[PDB]
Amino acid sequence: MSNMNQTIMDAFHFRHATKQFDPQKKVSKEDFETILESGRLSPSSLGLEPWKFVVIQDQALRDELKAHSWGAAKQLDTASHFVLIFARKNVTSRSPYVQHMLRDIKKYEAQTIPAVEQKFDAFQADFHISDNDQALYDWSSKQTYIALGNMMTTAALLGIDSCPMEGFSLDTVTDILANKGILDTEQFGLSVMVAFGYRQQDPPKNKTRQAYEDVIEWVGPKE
């Protein structure tokens, strides 16, 4: 595929921040698996995959979220699939989660794990990740935006629209999910929302972005 360039650019122009989805058109089991897999397979710093993807197909739960998710209301009402992306708190060489990742998932040699912890500690200080709990949590949250971008792009390539959403009352929504047993606020926070479905109509406004020369700069030979 030498036209893969055109294929990719088509998808980045197809994707927009869809508010209104067609309530009749559902994303197939197979397509949504692909979308979910693109989050699961995403890269993450240290390979620590500090995320959870919660598919909220329950209408009454969506409605509860809508009342406190001003920026998500129409997407909650109409999206075929709606995804909460959690980010892990306290992702340190200390945590039981990280020990599980190194020993059980990544398959590190057990005798090296004390030294890897120290290396992790030093990186986190050298990058200011471990300055405070907010920085430590926001670092894991940055990794979930990698998966967020990958999921929307994968959806676009399949002809499926999406919408990322930060427009919700974080404290209130966190409390709703915590009291429902869905969000373990000791291990996670709610990082960002994303919706999937088929548009009801083409976007009435044109995509706007800054000019190439205002966001891109070369230092050295350009070719």
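When you see a residue number, it is the position in the sequence shown, counting from 1.
Q: Do the C-alpha atoms of 127-135 or of 140-148 have the higher average B factor in the entry?
A: The recorded data point to 127-135.
Q: Of 60-68 and 45-53, which one has the bigger average CA B-factor?
A: 60-68 has the higher mean C-alpha B-factor.
Q: In this PDB entry, which of 175, 166, 37, 161 has the top CA B-factor?
A: It is 175.
Q: Considering only modelled residues of the same chain, in which third does the CA B-factor of residue 88 rank: lowest, middle or highest?
A: For residue 88, whose C-alpha B-factor we compare with every modelled residue in the chain, the answer is the lowest third.
Q: Using only modelled residues of the chain, where does the Cα B factor of residue 115 rank: lowest third, middle third or highest third?
A: Middle third by C-alpha B-factor.
Q: So where's residue 16 on the chain's Cα temperature factor ranking, which third?
A: Ranked within chain, residue 16 CA B lands in the lowest tercile.
Q: Can you work out whether the C-alpha temperature factor of residue 73 puts it in the lowest, middle or highest third of the chain?
A: Middle third - that is where residue 73 ends up once the chain's C-alpha B-factors are sorted.
Q: Ordered by C-alpha B-factor within the chain, which third holds residue 105? Give me lowest, middle or highest, please.
A: For residue 105, whose C-alpha B-factor we compare with every modelled residue in the chain, the answer is the highest third.
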